[PDB]
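# Per-entry structural report
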Amino acid sequence: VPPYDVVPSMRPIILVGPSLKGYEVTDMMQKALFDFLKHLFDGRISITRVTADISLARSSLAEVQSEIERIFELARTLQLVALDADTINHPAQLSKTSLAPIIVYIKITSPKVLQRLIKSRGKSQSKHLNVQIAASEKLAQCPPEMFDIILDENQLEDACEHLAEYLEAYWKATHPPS
Amino acid sequence: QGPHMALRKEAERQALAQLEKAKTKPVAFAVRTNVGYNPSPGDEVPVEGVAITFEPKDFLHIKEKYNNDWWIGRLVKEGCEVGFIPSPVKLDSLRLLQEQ
Amino acid sequence: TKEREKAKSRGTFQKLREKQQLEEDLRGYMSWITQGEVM
């Protein structure tokens, strides 16, 4: 058992738990959150779009590790890293690599509202009713203290008052004054 | 005594100057801790007083490597400065002295 | 007060709490859309 594990110097910010990604419901809720952190922390963030499944160390080892080492490059200049990962739907899905990303957990406080969101997306997402509520339940079955940042706020500004201030408390933790 | 204080006290200030000259150095590599540790009086600490402590699952932005038994780096926490990080072979040395 | 008591202990508290919460959760759901499609 090694006591120290080579992690990046600035942890990549990730969003998970609203429900299963790969849908019009969960992704378009997160796409609003990537827009807020783009211009609020402009010049001190690196926001990327993730394609290959990084829960593997499908894709081979080389195509994933060359993207993991790109996250290793984005920790060298001591700035924020943000990931648009499209298959991450579990806390322990990213527990075996050497990244340890920031688990921002979007919390839908009421499970009945999700299937009302589902019927607002037309009949395309109305064919995918109970399949989204599975990992919407399983992430709600996971303990909230295992996560990092919890967002239970319906309005934009109240989910974003936590989403800006927590990492601003995290930036001053990483960076000391002169 | 007097012949033992000529070299032991000139090593504490020389390791203190290396400790002051590494705070402005950029962060090389950060580690994820698995166990807990606090500094003790007999840990062969180079500058007695400026060592840091970590519990299980903490983060250490290591700046540089002082020797084979102590690293130099800071705790990821508001206001915390640099400190003496015990190396994994120093963490290998401390447990076997608890048996011998 | 007595009349309020017969209603609120029977079932009428959850009619006005849910639909005030299901509206403020609706606008939060629709704010996650209108910034998404918009941006």
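Bear in mind the residue numbers are our own, running from 1 along each chain as written, so they may not match the entry, and residues with no coordinates are left out. Each chain takes a letter, starting from A, and each ligand takes a number, starting from 1, following the order in which they are written. Keep in mind that this is only part of a larger assembly, and the values describe that part, not the whole. Hydrogens and water molecules were not included; the side-chain quantities draw on all heavy atoms of the structure. Residues with missing side-chain atoms are left out of burial classes, side-chain pairs and their counts.

If you check the header, you'll see the entry was determined by cryo-EM and the resolution is listed as 2.9 Å.

The record lists the entry's title as "Rabbit Cav1.1-Nifedipine Complex".

## Some words on the overall build of chain C
Test applied: Helix and strand definitions here come from DSSP, where helices need a minimum of 4 consecutive H or I residues and strands a minimum of 2 consecutive E residues; each element is numbered from the N-terminal end. Each residue gets one of three labels from its accessible area relative to the maximum for its type: buried under 20%, exposed over 50%, partly exposed in between, using a 1.4 Å probe on protein chains only. Accessible surface is estimated by sampling points in the Shrake-Rupley manner with a 1.4 Å probe; for residues, cover comes only from the protein chains shown. In this count, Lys and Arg are taken as positive residues and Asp and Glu as negative ones, while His and the chain termini are left out. Charge positions are represented by NZ for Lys, CZ for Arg, CG for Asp and CD for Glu.
On a plain count of helices and strands, chain C comes out with 1 helix and 0 strands. Principal-axis analysis of the C-alpha atoms gives chain C an extent of 50 × 15 × 5 Å. For chain C, the residues scored as buried account for 23% of the 39 residues in total. Put simply, chain C shows about 3300 Å² of open surface, and 51% of that area lies on carbon and sulfur atoms. Here chain C contributes 9 positively and 7 negatively charged side chains, and the mean placements of these two sets differ by 11 Å.

## Examining the packing of aromatic side chains
Remark: the centre distance and the inter-plane angle together describe each pair of aromatic rings, the angle taken between the planes. Note the following rule: Note on ring pairs: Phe, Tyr and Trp rings are taken, using the six-membered ring of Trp, and paired if centres are within 6.5 Å. Classes follow the plane angle, with under 30 degrees stacked, over 60 edge-to-face and the rest tilted.
Here the aromatic rings of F29(B) and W71(B) are separated by 5.5 Å at their centres, their planes lie at 80°, and the arrangement is edge-to-face. Of the two residues, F29(B) sits in strand β1 (residues 29-33) while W71(B) sits in strand β3 (residues 70-75), which places them 42 residues apart along the sequence. What links up through ring pairs into an aromatic cluster is the set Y4(A), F29(B), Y37(B), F54(B) and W71(B).

## Looking at the interface of chain B and chain A
Quick reminder of the rule: Residues count as neighbours in contact if any of their non-hydrogen atoms are within 4.5 Å of one another. Under the scheme applied, nonpolar residues are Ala, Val, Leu, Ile, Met, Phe, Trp, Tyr, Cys and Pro; charged residues are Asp, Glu, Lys and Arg; polar residues are all the others, including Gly. Note on pairing: DSSP must find at least two bridges between two strands before they are called paired.
Chain B puts 23 residues into the contact, and the matching count from chain A is 19 residues. At the level of elements, β1, β2 (59-65), β3, β4 (82-86) and α2 (88-96) of chain B are the ones that each hand at least two residues to the side of chain B that touches chain A. Its residues assigned to classes, the side of chain B that touches chain A shows 16 nonpolar, 3 polar and 4 charged. As judged from the 4 bridges shared by strand β1 (residues 4-7) of chain A and β1(B), these two strands associate in the antiparallel manner. Within the sheet, the bridge partner assigned to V6(A) lies in β1(B) and is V31(B).

## A look at the sheet that holds strand β6 (residues 149-151) of chain A
All names here are of chain A. Basically, it comes down to this: To define axes, lines are fitted to C-alpha atoms, for helices over the stretch in contact only, and angles between the resulting N-to-C directions are given on a 0 to 180 degree scale.
Read across the sheet, 5 strands follow the order β3-β4-β2-β5-β6 without closing on themselves; strand pairing throughout is parallel. The sheet is open, and its two edges are formed by β3 (45-49) and β6, each paired on a single side. Averaged over all pairs of adjacent strands, the angle between strand axes in this sheet comes to 25°, irrespective of strand direction. Across 4 bridges, the pairing between strand β2 (residues 12-16) and strand β5 (residues 102-106) is parallel. Considered in β5, the bridge of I13 is made with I102.

## Details of the pattern of salt bridges
Worth spelling out the cut-off: Salt bridges are counted wherever a side-chain nitrogen of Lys or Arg sits within 4 Å of a carboxyl oxygen of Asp or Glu.
When the shortest N-O distance is used, the salt bridge between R11(A) and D148(A) registers 3.4 Å. Among the ionic pairs, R49(A) bridges to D86(A), the shortest N-O distance being 3.2 Å. In this structure, a network of salt bridges that share partners links the residues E24(A), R121(A) and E37(C).

## Section: the packing of helix α1 (residues 24-40) of chain A against helix α5 (residues 156-174) of chain A
Residues and elements named next belong to chain A. The following threshold applies: For classification purposes, an angle smaller than 35 degrees is called roughly parallel, one larger than 145 roughly antiparallel, one from 65 to 115 roughly perpendicular, and anything else oblique. Helix crossings are classified by the rotation of the near helix relative to the far one: an anticlockwise turn of less than a right angle makes the crossing left-handed, while a clockwise turn makes it right-handed.
The geometry of α1 relative to α5 is characterised by a closest axis approach of 11 Å and an angle of 45° between their N-to-C directions. Here α5 runs oblique to α1, going by the angle between their axes. Taken as a pair, α1 and α5 cross one another with a handedness that is right-handed. Facing α1, whose interface residues are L33, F36 and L37, α5 presents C160, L163 and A164. Looking at side-chain class alone, the contact of α1 with α5 contains 6 nonpolar, no polar and no charged residues.

## Some words on the environment of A82(A)
Residue and element names in this part refer to chain A. Tracing the chain through its elements places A82 in strand β4 (residues 80-84). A82 sits 24 residues away from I106 along the chain, and the two C-alpha atoms are 15 Å apart. If we skip the residues at most four places from it in the chain, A82 touches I13, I45, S46, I47 and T48.

## Regarding unusual backbone geometry
Although it is not a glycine, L78(A) sits at a positive phi angle of roughly 60°. Following the sequence through the fold, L78(A) ends up in the loop between α2 (61-73) and β4. Phi at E44(B) takes a positive value of approximately 55°, unusual for a residue other than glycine.

## Some details on the packing of α1(A) against helix α1 (residues 2-34) of chain C
Their axes nearest at 7 Å, the elements α1(A) and α1(C) cross at an angle of 70°. Accordingly, the angle class assigned to the pair α1(A) and α1(C) is roughly perpendicular. Of the residues in α1(C), those touching α1(A) at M28(A), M29(A) and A32(A) are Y29(C), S31(C) and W32(C). For the contact of α1(A) with α1(C), the per-class residue count stands at 5 nonpolar, 1 polar and no charged.

## Some words on the sheet that holds β1(A)
Taken in spatial order, the 5 strands make up an open sheet running β1(A)-β1(B)-β2(B)-β3(B)-β4(B), and their pairing is antiparallel. Every other strand in the sheet has two partners, leaving β1 of chain A together with β4 of chain B as the edge strands with one partner each. Within this sheet the neighbouring strands show an average axis-to-axis angle of 45°, counted without direction. Relative to the sheet, helix α1 (residues 5-20) of chain B contacts β2, β3 and β4 of chain B, its axis offset from that of β4(B) by approximately 115°. Together, β1 of chain A together with β3 and β4 of chain B form the strand contacts of α2(B), whose direction differs from that of β4(B) by roughly 60°.

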